[PDB]
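In what follows, a structure is listed as structure tokens, so that the remarks can point back to it.
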Amino acid sequence: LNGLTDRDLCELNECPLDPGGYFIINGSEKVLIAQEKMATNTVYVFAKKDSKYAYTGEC
DNA sequence: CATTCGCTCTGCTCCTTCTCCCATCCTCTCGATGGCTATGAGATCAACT
């Protein structure tokens, strides 16, 4: 469907307004949800009220 | 004979360990699980006479 015009999409029975951005697995439309993670390669200093370390710096 | 010394016996902290628990009811969709071929010997007793 890449670069097709609205007329070409309609000829393929696709919807011009459909954004894409999903997969088809066994006929089911599957979307991937973005996962938050802590950023890499950055020094963070943290502390906790009830552990054997005063401060910890993690990378 | 008045210590004194040494030895046994509590019992008071401070871990480590480990076990337990985390609102009620209701609806829907979706993925997965989902298990030889065949020829022989040979024991049983259901069942004929």
Side-chain angles (χ1 to χ4, degrees):
Chain A
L1 308 183
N2 185 39
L4 291 192
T5 69
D6 303 348
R7 188 181 295 271
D8 309 313
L9 292 169
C10 293
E11 187 159 279
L12 299 163
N13 296 309
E14 294 297 324
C15 177
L17 300 175
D18 186 274
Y22 57 89
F23 302 87
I24 299 164
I25 284 64
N26 299 331
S28 190
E29 295 175 323
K30 296 288 160 68
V31 59
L32 292 182
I33 312 302
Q35 304 299 313
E36 293 178 5
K37 68 185 181 92
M38 200 75 182
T40 47
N41 305 351
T42 302
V43 184
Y44 310 115
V45 191
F46 301 116
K48 192 170 182 275
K49 77 190 196 302
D50 49 26
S51 71
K52 72 197 300 178
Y53 309 95
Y55 297 101
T56 189
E58 65 186 22
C59 180

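Convention: sequence-line order gives letters A, B, ...; per-chain numbering from 1.
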Other ILVMFWY residues reachable from A:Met38 by side-chain steps of under 4.5 Å
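Once heavy-atom contacts under 4.5 Å are chained together, A:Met38 belongs with A:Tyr44, A:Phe46.
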
What protein N or O atoms touch nucleotides 13-18 of chain B N or O atoms at under 3.5 angstrom, if any, and at what distances?
none

Atom pair distance, as rounded to whole Å: CZ in A:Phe23 and P in B:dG31:
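Rounded to whole Å, this separation is 15 Å.
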
Less than 4.5 Å apart, any side-chain heavy atom of A:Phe23 and any of A:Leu32?
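Yes, side chains in contact.
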
Output all residues satisfying side-chain hydrogen bond (donor to acceptor under 3.5 Å, both in side chains) with A:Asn26, sequence neighbours left out; order by chain, then residue number.
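Scan of A:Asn26 (side-chain hydrogen bond (donor to acceptor under 3.5 Å, both in side chains), adjacent residues dropped) gives none.
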
Once side-chain hydrogen bond (donor to acceptor under 3.5 Å, both in side chains) is applied, do any residues pair with A:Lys48, and if so which ones, sequence neighbours excluded?
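side-chain hydrogen bond (donor to acceptor under 3.5 Å, both in side chains) list for A:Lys48, sorted by chain: A:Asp50.
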
Qualifying salt bridge (charged side-chain N to carboxylate O under 4.0 Å, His left out) pairs with a residue from residues 16-30 of chain A, counting only residues at least two apart or across chains:
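Non-adjacent pairs meeting salt bridge (charged side-chain N to carboxylate O under 4.0 Å, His left out): zero.
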
North or south sugar at [N] (positive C1'-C2'-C3'-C4' torsion counts as north):
N      : answer
B:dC30 : south
B:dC15 : north
B:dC14 : south
B:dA43 : south
B:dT24 : north

Identify the two heavy atoms, one from A:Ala54 and one from A:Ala47, that lie closest to each other, and give their separation to 0.1 Å.
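Between these two residues, the closest heavy atoms are O-CB, 3.5 Å.
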
Shortest non-hydrogen contact between A:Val45 and A:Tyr55, atoms and distance
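Scanning both residues, the minimum pair turns out to be CG1-CB, 4.4 Å.
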
Stem ranges for DNA chain B, with three or more consecutive Watson-Crick or G-U pairs under 3.5 Å?
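So the stems come out as none.
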
Quick one: list whatever passes side chain to side chain contact (heavy atoms under 4.5 Å, CB included) with A:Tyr53, sequence neighbours left out.
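Checked A:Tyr53 against side chain to side chain contact (heavy atoms under 4.5 Å, CB included); zero matches.
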
Is A:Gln35 reaching over with its side chain to a backbone N or O of A:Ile33, donor-acceptor style, under 3.5 angstrom?
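Yes; at least one donor-acceptor contact below 3.5 Å.
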
Give the table of side-chain donor-acceptor pairs shorter than 3.5 Å for residues 1-9 of chain A, with sequence neighbours excluded, one pair per line with atom names and distance.
| residue | atom | partner | partner atom | Å |
| --- | --- | --- | --- | --- |
| A:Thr5 | OG1 | A:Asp8 | N | 3.4 |
| A:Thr5 | OG1 | A:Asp8 | OD2 | 2.7 |
| A:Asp8 | OD2 | A:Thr5 | N | 3.2 |

Check each residue of residues 25-34 of chain A for a non-hydrogen atom within less than 4.0 Å of any atom in DNA chain B, then write out the ones that pass by number, or none.
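Contacting residues: A:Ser28, A:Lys30.
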
